[PDB]
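Presented below is the structure to which this report refers.
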Amino acid sequence: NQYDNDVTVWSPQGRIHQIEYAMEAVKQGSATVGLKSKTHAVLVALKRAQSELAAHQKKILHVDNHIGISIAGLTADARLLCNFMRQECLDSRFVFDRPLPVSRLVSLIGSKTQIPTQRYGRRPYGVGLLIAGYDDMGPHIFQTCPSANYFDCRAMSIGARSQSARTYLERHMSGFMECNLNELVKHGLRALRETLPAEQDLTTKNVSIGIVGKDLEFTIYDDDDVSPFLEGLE
Amino acid sequence: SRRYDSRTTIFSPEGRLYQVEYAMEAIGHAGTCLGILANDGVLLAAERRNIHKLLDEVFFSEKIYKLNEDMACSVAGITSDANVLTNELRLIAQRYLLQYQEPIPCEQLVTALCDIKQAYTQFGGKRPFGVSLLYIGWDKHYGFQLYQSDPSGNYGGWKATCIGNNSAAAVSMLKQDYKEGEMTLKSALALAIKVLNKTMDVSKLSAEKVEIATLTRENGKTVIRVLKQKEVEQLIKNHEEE
Amino acid sequence: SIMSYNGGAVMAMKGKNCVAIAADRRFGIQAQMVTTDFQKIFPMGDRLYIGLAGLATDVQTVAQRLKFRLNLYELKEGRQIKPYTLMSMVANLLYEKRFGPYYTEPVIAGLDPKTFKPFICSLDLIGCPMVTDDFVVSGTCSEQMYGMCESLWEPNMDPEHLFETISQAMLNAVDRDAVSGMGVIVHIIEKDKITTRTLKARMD
Amino acid sequence: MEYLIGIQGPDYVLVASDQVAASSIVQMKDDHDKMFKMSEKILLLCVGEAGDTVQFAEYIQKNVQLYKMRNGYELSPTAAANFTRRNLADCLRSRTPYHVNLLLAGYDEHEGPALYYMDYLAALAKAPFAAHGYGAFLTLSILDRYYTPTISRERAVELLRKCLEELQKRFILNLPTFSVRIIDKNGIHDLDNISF
Amino acid sequence: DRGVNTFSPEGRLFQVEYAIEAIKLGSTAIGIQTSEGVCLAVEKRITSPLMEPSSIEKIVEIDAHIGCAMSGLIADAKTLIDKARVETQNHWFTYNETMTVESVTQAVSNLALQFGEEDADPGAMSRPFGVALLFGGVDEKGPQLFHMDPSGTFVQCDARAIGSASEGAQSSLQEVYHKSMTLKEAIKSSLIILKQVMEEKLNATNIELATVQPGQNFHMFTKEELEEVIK
Amino acid sequence: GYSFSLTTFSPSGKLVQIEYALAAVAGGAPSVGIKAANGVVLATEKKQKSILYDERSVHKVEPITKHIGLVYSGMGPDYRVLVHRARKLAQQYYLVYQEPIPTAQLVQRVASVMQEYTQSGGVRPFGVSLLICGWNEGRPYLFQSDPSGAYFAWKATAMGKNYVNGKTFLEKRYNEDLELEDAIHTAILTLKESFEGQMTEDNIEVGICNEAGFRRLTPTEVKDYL
Amino acid sequence: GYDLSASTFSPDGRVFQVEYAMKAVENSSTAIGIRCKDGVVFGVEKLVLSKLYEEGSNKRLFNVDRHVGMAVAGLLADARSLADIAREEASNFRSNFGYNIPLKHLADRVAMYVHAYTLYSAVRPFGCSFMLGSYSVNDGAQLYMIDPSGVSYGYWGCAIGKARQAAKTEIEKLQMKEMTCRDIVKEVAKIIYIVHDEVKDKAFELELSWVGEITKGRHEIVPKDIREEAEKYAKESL
Amino acid sequence: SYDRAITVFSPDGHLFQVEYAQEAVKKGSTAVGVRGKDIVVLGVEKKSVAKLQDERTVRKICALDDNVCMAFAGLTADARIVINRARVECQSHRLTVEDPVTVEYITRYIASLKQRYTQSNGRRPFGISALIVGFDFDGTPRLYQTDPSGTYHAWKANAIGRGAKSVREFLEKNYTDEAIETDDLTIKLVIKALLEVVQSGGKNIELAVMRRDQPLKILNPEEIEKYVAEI
Amino acid sequence: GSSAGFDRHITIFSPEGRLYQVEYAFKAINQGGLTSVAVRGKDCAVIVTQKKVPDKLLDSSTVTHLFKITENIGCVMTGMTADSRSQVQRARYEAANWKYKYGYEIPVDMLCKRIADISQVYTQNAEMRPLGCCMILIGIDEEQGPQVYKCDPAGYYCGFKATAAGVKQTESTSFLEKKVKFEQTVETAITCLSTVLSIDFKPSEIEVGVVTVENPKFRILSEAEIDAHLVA
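Chains as they are written, first to last, in the entry's author numbering: chain G, 4 to 237; chain Z, 2 to 243; chain Y, 1 to 204; chain V, 1 to 196; chain H, 9 to 239; chain b, 4 to 229; chain J, 6 to 243; chain I, 2 to 232; chain K, 4 to 184, 191 to 241.
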């Protein structure tokens, strides 16, 4: 009771409740999947809708020509972090005239989000992220956390019931490197559909796709543009 | 750190500010000060609480401070706080004189200190000043004047008032005896002694236990002056005869 | 020069248990006279006066700022300031603007508040005090004042003799100075009285 | 160059000023008012640098009006003059100094009429009569020769006309019209403009 | 005692959740987006006959093509309203064009979580805004309707109902709105829903209504116009 | 640092933090000040816990200027801070006025520093009372400054442990006519009234102030006086 | 609540907040540091929580300088910021004095920074413990360890993590003073495999880095071939 | 610098501090404002009227400008601060727009300042409510009311302070077009409305009117006495 | 033992006028489980401390409670290790700064006072806690000779003939008291520690720092130097 209010208060078990409460925000968010092959990196997210007359919330944002993200949790914080990422990428292109390596950008995020978890009065960012990018070391899929930790993965999933997608992801990750664009996008979609309820299904309304590869700038597909990828799913 | 914050400048559920109300409790226990305004002047009369035989006398007075050429004040409550406020009034009056090359009107001075007092009640997290003042002054706009201010930063002009111990009693006694417009400094001084004889629970008043400044005009010059013990003794004598 | 922009002359003289302070009354901009009764000598106590010469604007500012400080000083400490202490106060005030100074050279004349001992001094624009036992001059015609004081000043002069000495010094000194004149005001500071006189002077 | 003039009488202050607003060699305005009402019985005539004049005058005007609103009564001419000087003096050594020349005229119930002279360096001086600008050089001596302390207001207007006529024939500038106002115990009164 | 930026066990900011609770006590505002334009309708909720009905402004003009309907703590909205007004004018000065409804909503939505009490500077908010907004305007994409709450989340809506009767009004909205719906029908339908969810008898004085259509500028309905649609 | 007051008014109108700072003073070792016709004495117990403490190392009776000196009761390290501040205030005054600061003007400035720690953010009052003595304008001065920042001018007073008994003893023994040399005796005697055992010239410290200035009596001199 | 702030001492003179941060390092993977005759070897039992993570993710071995390596345990985010702080120190030293910072000095500086977060309520103590290893011809081999309190000590062999009490006894039985980097790499690998728990905390990877004469004073990850052998000699000898 | 958040949201979206500030306004002396045809009248109760107090120093009806004046209720010290702020703003407006500020404009400014104090760090809300009257350039009379929260409306006749509800109930059933027909009648209304709460009717009320164009006027004891005799 | 509000969490006055937090910080000095002893001789000053290395892999050379402040000033720390190191660093900075602005080496009594002044601030400011350590400084004064000073968490400091700090502070004081009421000075110190510890430690079990009149430079005795005094 006395240990779960401030981020600077270590509990007796050696944990920080506030950082754990901020991670709950990512788990309540809509599921999103991120996987990569050998030449591409894709993101697939389930767009949520407040009501039938509302538009599905944006879940895939642009960062740069070689970097794209997928958010889960507090949207205001997601936009905050996105802005920071955009600036860093812009700075790299202004100073060194070259795209900022995805791995280096991820480290900046880690450091930036770590600060607020040690200062009194501050709070952790309540947003989880999935980062897809393409630099000189190929395609990358990173996952940022609210507790400033980040992991380099082959495929990842965050959000409500993302464990089911993760289970599917782990089972079919052996044939991801050799997968082609169309093929790789199907796996993501299949894994993304595993977190959905038995009744509900993935359509061209609640599905957003973002791809970035060897010879392709990070582009986002919405509604009608996601028809091609959707056509074929068993 | 929120944990240790006392929260000095927030309202209570009834729309009260407790620090201000408790600062006021302090004052109602301080030595009695009373102000009476006459036709020919204004006076302050204060119970002394520095009474021990080994106290040295070295100073103008315990509780009566001169603010500029035309005003004085006496204070009730936290002495060290009163020292901050009285130094600030001197600074405010000299600021005015510097700017306009004229003495600060008495109500402008009062108001400007009370702005400082209201700010402590509203923002900054510090406790208020535990002080009430009575101010006496002459200016060219209103002539002889007497004000009272309190820790809320509230003030009001009076014909006669009292603060400190047994103020409530002094006030009902002034409401009985104060004659609007018919008061002279002699009459005022008499009443002071009468009211001070009743608000002090030492039976015999004693000219060692009180301090009396008067403020008059002589030849287009304000004159502020602490009565000497002889004069106070006589004043006391004169009450005994009544 | 900025110091001669408005003109003006001030001088203080020491006598036997009395001090004298005099100044010109002209207020002018360059060659044009504007008024003939501009105050240059200000009271800083019953027997303490400060004379200020130089830029008119700074003369008024310094006088007003000094009054501000003296008033506060006399409220804090419950006593009249001593002549020497005032000099230091003024020096400190002038030294604060070391690299953007007030254009005024003050002269202080008075008697000690408790001992009534004559005291005169002069300070430069940046605040360098100079206590003398005879006389101090300041203004556009300082050279002329030096000549007059050096030959006319005598030791242990009485109030009447001191008045005549400083009057003759100022009068003849301002008559050789084009930007100083239009009347002369003299203050004779004694133990029990202050005598202010305006001399019959040239108005050209 | 702009012209200002003030003449103080036993119980009134008469002031006047040119109405020319000039831009290099052309007169852009011929009915320009250089007088600013600070209060019921106080006028502030200000000339000098473009911009500064109106900025300083209005700044002073706003504070004088604020003073009256805050306390109920108005500031006296003397207090207003010193307030103005203080403000002008404070900016003198600052980064943004006001290059303005002023004449402060006003009437006080207990102090009587008053006329103040203020140059751009903030030197304040009280005077029976005063002038500003290049026109003062040709008119100050006329004031010296005819001005008496008990001069009546009717005679003061005549004296002011003499000064204005001197400018007409001796001054190289074209100042054909002047604003004329008077301040007594009944307030500020506009008088007929003196034109040529 | 907890700070304003304290996270709950369910992963939510306590203050933001409490700010959303404050929006439910506000008046009911309705926004409908059609191909003809966007209409906004909010109940004035007059508490006394002596109170002037024209002094209650629940619908304001952000710009010529953007209108706004607020709900909840009305005084908090003013600050966000001015920000929106400044953003569009700033956009016009710099780019010589009008800002899109989405962009304006986005800019206003960014101030939502800008509050704290430790790392902030002299001028920061000590709590979130307690009001929901409805941005209706017309840009290059045509008529648009956006809804933003205290959490900073903004989203495009075909029809939205904020306020005390938000739940009941939304149900009537989805059961009576189609893609081919016209402006005239939208204006009528909104008024029909507003009158059903109002405790007071709806008339031409206790409600506000504004529309933004292609070409036409932000237009507030006058008493006469209102009366015509009330029949 | 915390920007809110740690001293605040109670519902009775008391400032308990200051009441508690005063408790600290009252448990401090005893101190005495006496203003004679031609000077002032300050005298205090500096009994040390052991005989390992180099008594000569640290001094409770301290000069501020040629003519002013201090002693205290309460918290030694709080005293140190005040001593340093008074020394800086006396210098500041001398640099402006070029005359050594009058005792009562030193007392007002130091007391003012004390009041600020009753109201400023994040701090506790000083757990110290001061006795300050000085000589100026051919008159001796003695003042007490307490933790609230209030000051009082005394003829004679005692503070620290057993001050109430001490004062009663000074009521009876003080007179105005009393010369310094005698004052010194009744100072040392007021200390004896509350002293544990065997007052030497190394476990009291004594300062005097007169025309010549302020100084700490040397242990050799204290011995004579004992 | 005596254990709620780092600026509050408890009745028995303890700073519980700093001790709670040490508990966070206690419930974490074990890392080892061994000071041999001509270098230092670092080994970490990297716990792979997921199969999705890429081989080499969440590295617990950092290069804070050309001649300095860092092995951490506890909160990775806290450890990462400390690594950046260490890097800043090294860089700043070279810019001020013109040469590589001595390990002891670097350790002292970083420890003081760590110690700064254990005196106030405004901030919280770092939830990580790390090791600093380096090698130079003028300094020889040096190994230091810093914890949440800020205490810095030099070691011959050190262990941090959940199994540090068991790894120390395994490090104890070794003659590291006469050993070399080439030979200590197999022992480090062997020791890590021994303390590693099978049932609990399943699935781990072995991280190995060294600095010494073999690597010419530069801190770097132990070569794949040498690591292979070490891991092959660790599993075969267990 | 103190950066603690004093005004924060509660579980049901309530700002406790703002409600506590409104509680302080309820204990304030009754103040009534009535908007007449060609006149504006303000009337405050004098509560405890001592015989030794200088009446002119504790007036609760001040002037912000020539055309704008105001009466308040609640914390007198707080009111003084607000009044000074408004006065400064009135001179600022007069200097940048060369025109007397409209009643609503200064009302807006004061309301905005009050709202700013409910969402700022280290400060508490102002504990007062104000009645602002006056005339705009065109000549139309105005009457506004601001409260601690920062909300403000235009009224015909309002009452604040202790007994505001009681006076509001009587004002509704007494405010008509045949009640503000003439200046006298309008003043009587305010006096009669003030007699419903203020004890010992007569000299316990402070009245002041503002006729078109002229400066604020204050009725004297005998001038008010005469009005009371007619009622 | 009265208490009210938060007088046991932050450095504020309790009902009796005590500062509990400062008192707790004195208990933190004994948490290290060590004892220090400093003895002032006629022409020298020595500091002996308990050197305990219970770990085996620990590099004994990096384990020490004796620090060199300046060339002629040495010290021994007792209590929380991390706090001690920061205080040692502060003292070193203060000393270097003193010489840079005054032109001469800072006196031991002045250095001790400066560290004590800094410690006082922690007892008056609530935001930060006091340090849980104790500092003992030794050095040769050019006019007074050998000096031994010690300051604590309360901000209190004093000059000493001989003084101790740590777990057996009360026992070291009682042993040195009888002795006060080169070789002997070094012996007395070692004896005091050994007497209260009952161990008669070897050369590698304690550390020795000394400053003499002839050799003012702070020095640390080696294994062979410590054994020599132990054999006698």
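Think of the CB as a built atom: it goes at the ideal place given N, C-alpha and C, for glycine as much as any other residue.
For residue i, three-class secondary structure by DSSP
i                 : result
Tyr23 of chain Z  : helix
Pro118 of chain Y : strand
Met211 of chain I : strand
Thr68 of chain b  : coil
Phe135 of chain Y : strand
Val113 of chain b : helix
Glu214 of chain K : helix
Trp13 of chain G  : coil
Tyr23 of chain b  : helix
Spatial neighbours of residue i in its chain, beta-carbon cut-off 6 Å, leaving aside the 5 residues before and after
i                 : result
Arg212 of chain I : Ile40
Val40 of chain K  : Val51, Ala167, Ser175, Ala198, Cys201 and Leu202
*Which residues, in order along the segment 160-171 of chain K, keep a beta-carbon less than 8 Å from a beta-carbon of chain b?*
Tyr160, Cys161, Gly162, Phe163, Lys164, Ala165 and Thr166
*Is the segment 78-95 of chain H touching the segment 23-34 of chain H in the sense that three or more CB pairs, one from each, lie closer than 8 Å?*
They touch, by the three-pair rule.
*Could you name the residues of the segment 46-80 of chain Y whose beta carbon sits closer than 9 Å to any beta carbon of chain Z, in the order they occur along the chain?*
So the close ones are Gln64, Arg65, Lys67, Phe68, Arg69, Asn71, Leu72, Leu75, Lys76 and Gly78.
_Start-end ranges of the beta strand (DSSP E) lying completely within the segment 84-172 of chain J, minimum 3 residues_ = Counting whole runs of 3 or more residues, the segment 84-172 of chain J contains the beta strand (DSSP E) stretches 133-141, 145-151, 157-159 and 162-165.
*asked:* Check whether the segment 146-164 of chain Z and the segment 114-134 of chain Z are in contact - that is, three or more C-beta pairs closer than 8 Å.
replied: yes
*Which parts of the segment 51-100 of chain G are runs of the beta strand (DSSP E), unbroken and 3 residues or longer, counting only runs that do not cross its ends?*
63-65 and 70-76
*Are three or more beta carbon pairs between the segment 212-222 of chain J and the segment 183-198 of chain J nearer than 8 Å?*
Yes, since at least three Cβ pairs between the segment 212-222 of chain J and the segment 183-198 of chain J fall closer than 8 Å, the two stretches touch.
*Is the number of C-beta pairs between the segment 103-112 of chain V and the segment 71-80 of chain V that are closer than 8 Å three or more?*
A contact between stretches requires three or more CB pairs, one per stretch, nearer than 8 Å, and the segment 103-112 of chain V meets this requirement with the segment 71-80 of chain V.
_Quick check: the segment 115-128 of chain Z against the segment 78-87 of chain I, are at least 3 beta-carbon pairs closer than 8 Å?_
yes
*What residues in the segment 124-144 of chain K have a beta carbon less than 9 Å from any beta carbon of chain Z?*
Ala129 and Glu130
*Just by C-beta distance, which residues in the segment 150-164 of chain G are closer than 7 Å to chain J?*
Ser150, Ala151, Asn152, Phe154, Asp155, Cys156, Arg157, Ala158 and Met159
*Using a beta-carbon distance cut-off of less than 7 Å, what residues from the segment 60-78 of chain V approach chain I?*
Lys62, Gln65, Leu66, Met69 and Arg70
*Do the segment 126-143 of chain Y and the segment 64-75 of chain Y meet, that is, are 3 or more Cβ pairs less than 8 Å apart?*
Short answer: they don't touch.
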